[PDB]
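So that you can tell them apart, the chains are marked A, B, C, D, E and F in the order they are listed, and the count of residues begins at 1 in each.
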Amino acid sequence: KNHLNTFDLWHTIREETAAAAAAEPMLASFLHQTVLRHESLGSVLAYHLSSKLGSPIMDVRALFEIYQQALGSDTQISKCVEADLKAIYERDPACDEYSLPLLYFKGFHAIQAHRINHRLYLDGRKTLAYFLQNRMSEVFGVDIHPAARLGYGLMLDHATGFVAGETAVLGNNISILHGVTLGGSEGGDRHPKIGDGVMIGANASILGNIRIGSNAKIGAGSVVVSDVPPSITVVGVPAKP
Amino acid sequence: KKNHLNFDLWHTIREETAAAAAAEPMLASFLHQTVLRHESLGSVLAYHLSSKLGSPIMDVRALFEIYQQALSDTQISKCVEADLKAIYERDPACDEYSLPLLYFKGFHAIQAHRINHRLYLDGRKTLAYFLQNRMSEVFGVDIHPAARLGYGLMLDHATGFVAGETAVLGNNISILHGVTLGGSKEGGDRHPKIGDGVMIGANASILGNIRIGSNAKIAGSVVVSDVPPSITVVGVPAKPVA
Amino acid sequence: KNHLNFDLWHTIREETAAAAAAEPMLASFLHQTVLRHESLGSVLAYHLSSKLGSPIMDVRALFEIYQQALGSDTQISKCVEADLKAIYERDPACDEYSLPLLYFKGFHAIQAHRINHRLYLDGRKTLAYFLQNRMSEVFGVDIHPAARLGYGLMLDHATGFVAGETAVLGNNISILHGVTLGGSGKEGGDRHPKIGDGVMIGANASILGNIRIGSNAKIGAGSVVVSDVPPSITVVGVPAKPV
Amino acid sequence: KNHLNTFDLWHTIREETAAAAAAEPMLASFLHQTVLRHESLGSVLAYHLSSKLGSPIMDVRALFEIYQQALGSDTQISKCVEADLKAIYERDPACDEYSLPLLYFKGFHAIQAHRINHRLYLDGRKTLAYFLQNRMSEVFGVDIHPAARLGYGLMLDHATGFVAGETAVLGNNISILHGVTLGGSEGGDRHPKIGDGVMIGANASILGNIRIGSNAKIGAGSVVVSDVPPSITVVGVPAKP
Amino acid sequence: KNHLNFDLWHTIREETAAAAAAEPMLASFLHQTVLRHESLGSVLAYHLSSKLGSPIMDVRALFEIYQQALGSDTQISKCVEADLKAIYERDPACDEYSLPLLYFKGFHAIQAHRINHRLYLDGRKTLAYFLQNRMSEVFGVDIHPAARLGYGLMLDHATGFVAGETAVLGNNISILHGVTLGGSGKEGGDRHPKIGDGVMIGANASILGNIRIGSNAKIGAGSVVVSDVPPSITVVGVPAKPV
Amino acid sequence: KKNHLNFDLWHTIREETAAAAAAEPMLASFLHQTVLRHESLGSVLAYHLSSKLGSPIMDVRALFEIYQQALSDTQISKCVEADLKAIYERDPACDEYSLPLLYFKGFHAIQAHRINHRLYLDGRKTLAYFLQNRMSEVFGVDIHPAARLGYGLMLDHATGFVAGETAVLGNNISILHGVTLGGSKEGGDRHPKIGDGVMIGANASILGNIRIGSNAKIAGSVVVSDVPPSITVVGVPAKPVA
């Protein structure tokens, strides 16, 4: 029972986690607290992100409420979350259940955390946004600037070392592997703009204010420095069509 | 340097740690608790790994007991010792055996994965995924529990190492940080199979269900095809060059 | 109002007072980390101990150790002040001085390494290795305590930086994340790069072996240098080639 | 501006704590998190009790939600809380502000914690009630059995060592000092029944299923073993009119 | 189904399985504390270490220390089993055996003291004092490690119990909270009460000095005994007097 | 027994703690951190008190700095030493000076109150109340910050000690656990004033604004009237008897 078959994402996740809780008594109270006691997927996400990023400095209850108010202020974030989960199930062979990336894929956590961060930054809570950016970098190994604008349908697989700068913009239905850099090169627009459908391979660098066309493919380890036409595969250092 | 290439690994480690404990009073109770109070190397490893990966969610006592019950698989301890010896052999920055045991996160990631693999094969999949995620957070190393790892492994520096579900590694292999043993929507074998003796340089990507031959040499390269034994491949994309 | 227009410490205190007044969630944190301190170095010791403290190593003890270290070599504080200024110069994402001080893990990794180097030279090797491992865990940055780093350093984003035992870095250098200053061989001795003043290294660049990198050279992103590089040369490719 | 003068309890507490937060920068984020960010007194109470009684075993977020749902299920508990605060302001010379016992009087915390405990016990959550009873005993030094029934207007001053058994019942507007025992003497009714208005002195023992009349006064250190008529002062070991 | 109608351990495991199934908030806690263990003594060591552990003293280390202690003197476990049965006998509020095991701080204080006494006799005096202080903080109960306690003990409610260095308690005794088994004088030696089998002491009763309390005596609540008490006598008052 | 009645308190404490640290490896890093790494007794006291009373809300580093800045009042350290000597004099269970310093919660409650009193007089009332509540939770001792305490105090066992806002205690006093120095709606002086040399037995209640004379002796008694000097009072209610 999946979305490319039948469907309720939330109900399916609850059934999966109920099975898991019954199977592993070591984690049951965790799964009841993180998931089963909640009434919406967004509440679960806020709770788990607060567990990940909480500190003595930033109480987990306070961060939980902040993420809850954020998700309730911006309804589109929950839509993006659900889209990303569906994308991970579609594209990742290692994903056999929906709760799997929800609970255990640090790239998914980094992306959704950034979404909330972006919401806080736009509201003027810049200091808190920087605090959470630093904490996301520490715990997830992923540095996304709060100003970065990311679309829906994103899968950040493995994730370790992903960087996205202040002025980066990503379209919808994009797949990024670990080690990828969407880096800069004086302020202003200076970070990549990635189009819908693009797939970026592991340890690929995309530098500067350059456009990457729809359904382009950036090979693993490549270094892109100029714009890339849509539907082109570029490979090499520097990358070439 | 009374070492294995000049012997009791466990006794040597205990002597090193006794010296350290006497020297640094800030860490002595730590070294007594992690090492000196234990009767076997495997118990020390379980204790330290649980210290690293423990959380409020997962009590350190429970994780310690789980790792000891796992260590059921006596051969894992053998692999641990092998890996330690390899690190002493191959790493110039390793002058003592307790050094990687306590402070090298690549060694910790590899041994943690070994225990994880044991838990996964026994059907404790949820805990295996939980611990995989925690290994990724604390060590910066993502090894899928299904991955099959041989003995004599050295993962130096480690930050960013990835190994997918279907990856298989032989014996006496040396991997640097940033290395990717990655895949290429459809399941099945899709992660590299690395042969005994191979050396992979930093930030090297090996993608897909491809075989890497005995004593091959792969820094920064991107392999997409199989590699014959005893070949040095370099470049993006990789090409034989030696 | 910046250093190119000045007291770094006073400016940082003003910025942090503004932030504390703005965010009530973080006010006590900013008062404890910054406003209650009398010197920038004390703030640095406090924040680093907050980052790297553990149940094994009490934060009060690590704080005192970092304080005694900074007092042992006053010049370390100078380097700290240099590095902050460098980031303000070179990083477009840096609009305030307390920003990297509090939230840039590369800056924290560099200063932590400085203190580590001080402890290692004093013979506190076990603690140096402990803190190296902890820096690797929390920051994702592996710098060997023996590594020699000059002033004016910016380690942007930082995740995955590695620098071995015999690495030496000059002054006014800019390094991005994923960069490797790595070694070669099983035999000890000089085997890690020596980077000259002014060099810029792009993301995920590997520099391997006991090789010299000349003044104001530029190592392109993703490049792999295995030979020495003349001064004022841009090298690109795998392996890197002059251009 | 007090209740025996003018009045909004909640607004007054918020003003007091805003003053405190502005005065002590060491505690400001605490006072914003415990009080100023909340919309009702009951939410503040749930939060602070969760801070007190939270553990690694029992996450503070989970306990916070449990106390919130409890207070929302039983509206009378909040009324009792407000009554108790007013009683402490009335009767305790050391209470010059309303937020003072709210945040810093462990007897007040023990009483309100017990109220929530009683709610959980009546709902059948007996194991959780026992867990929280043990934790209240550890942190507050106060052992109140979850089944005990306590009225409103209670002040438990200093509190250390207060004990109240399974079948104890306390009326309204009662004042109890530290060390007081409402103890037993085979099951069944075996714990005191205390009437409205009674004042019990420090280290006084009241043992058995005995009635204590309205507006009685039990002297400090006394040991009561028989019923006490209303409006009588009893003192001694054993206590005598 | 109780011990007066039997396996204590099996009954406790059944009770805790029921509780775990009933309360999902506490299931992993009950599995870790009880169900994953193979003996009651292991459960006791685990729970006591949970109570008394700290950042200074790792819970794994304290757990191992309590385990080794219990293994050093198997008879301690017998006393534990005795005490639990006593509470079930004597406490109306006890309807299950795991109830005092998990939630009665007097039971925890008594068993903690037993292990403490074992460590003290073995010469681990510094740790014994550490754990005495920690027991005093968490349980509100001060028992000197040298104190000698028999089996069949019920310390109900417990808050404020004190027993000095030279105190000795027989078997099958019932003590309420606030009770003092205290000393007198600045000179060491025997100076703390010796209580005989069967005695019942009421809440906030003080028994001071090196005085013997006879078999099956009853010390009324709030009483202050300063002289020896004959067996099978009820004493009441301040100071206590026969009745 | 090289002691003060047979001298350097600080050096003796350091020697005792060095012996203990060498003997118990489980606590050595603790004893080095709490005591041996410090240069003065007052710093040790600030460190240990912050360890006891620290929380996630109140960082131990901040509380440590606050206690050191308080200790501004040099005389407090004198009182600390006096109290320690008293405990050695009067308590048979005290054979070493570091014993109450590290493990006697009555000593900790008294010294914590001293610092609290200093903070309260300086106007840091909110923090004083916070720390009073924490002292009540951790030590089971409720001392109002306004309470005025003399030197040479021994609070043995301590659990349940209460001292109200207007209480005043002289010098060289011995108090057992459960003792109440309580009050009796209207503010003003309403808590006992205890004279030098007095001894109060366990679970004794002294209520109201009443004077207790020099070298008076009060276990379980309830005093409601003033007590002349050099009188033993016993009973509920209390009566002179010796």
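The definition used in the following text is that contacts are C-beta pairs under 8 Å (C-beta built on N, C-alpha and C of every residue); 3 or more make two chains touch, one makes a residue touch a chain.
Protein identities per chain, from UniProt: A, B, C, D, E, F = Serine acetyltransferase.
**Q** Looking only at C-beta pairs that count as contacts, which pair of chains has more of them, C-D or A-F?
**A** Output for the comparison: C-D.
**Q** Just give me the whole-number Å value for how far the CA centre of chain B (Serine acetyltransferase) lies from that of chain C (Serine acetyltransferase).
**A** 27
**Q** Quick check: how many Å separate the C-alpha centres of chain B (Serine acetyltransferase) and chain D (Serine acetyltransferase)?
**A** Distance between chain centres: 55 Å.
**Q** Measuring from the mean C-alpha position of chain A (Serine acetyltransferase) to the mean C-alpha position of chain D (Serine acetyltransferase), what distance in angstrom results?
**A** Taking the mean C-alpha position of each chain, the two centres sit 47 Å apart.
**Q** Can you list the residues of chain C (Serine acetyltransferase) that touch 2 or more other chains?
**A** Correct list: 25-26, 29, 32, 58, 61, 140, 159-160, 178, 204, 222-223, 238.
**Q** Quick one: do these chains touch in a line, a ring, a star, all-to-all (complete), or other?
**A** If you draw each chain as a dot and join those that touch, every dot ends up joined to every other.
**Q** Any two chains that touch count here, so list every such pair.
**A** Those chain pairs satisfying the definition are A-B, A-C, A-D, A-E, A-F, B-C, B-D, B-E, B-F, C-D, C-E, C-F, D-E, D-F, E-F.
**Q** Under the stated contact criterion, what part of chain F (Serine acetyltransferase) meets chain B (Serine acetyltransferase) in this complex?
**A** My answer: residues 21, 25-30, 32-33, 36.
**Q** Along chain B (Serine acetyltransferase), where are the residues that touch chain A (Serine acetyltransferase) in the complex?
**A** Residues 57-58, 62, 66, 124, 126-127, 129-130, 132-133, 136-137, 140-142, 144, 159-160, 162, 164-165, 178, 180, 182-183, 185-188, 190, 203, 205, 207, 220-222, 236-237.
**Q** Report the residues of chain E (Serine acetyltransferase) in contact with chain D (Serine acetyltransferase) in the complex, numbered from low to high.
**A** 19, 22-23, 25-26, 29, 50-51, 92-93, 99, 102-105, 138-140, 157-160, 176-178, 202-204, 220-223, 236-238
**Q** Write out the stretch or stretches of chain C (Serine acetyltransferase) touching chain F (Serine acetyltransferase) in their complex.
**A** 32, 36, 46, 49, 58-61, 63-64
**Q** Taking the touch rule as given, give the residues of chain F (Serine acetyltransferase) at its contact with chain A (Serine acetyltransferase) in the complex, in rising order.
**A** 56, 59
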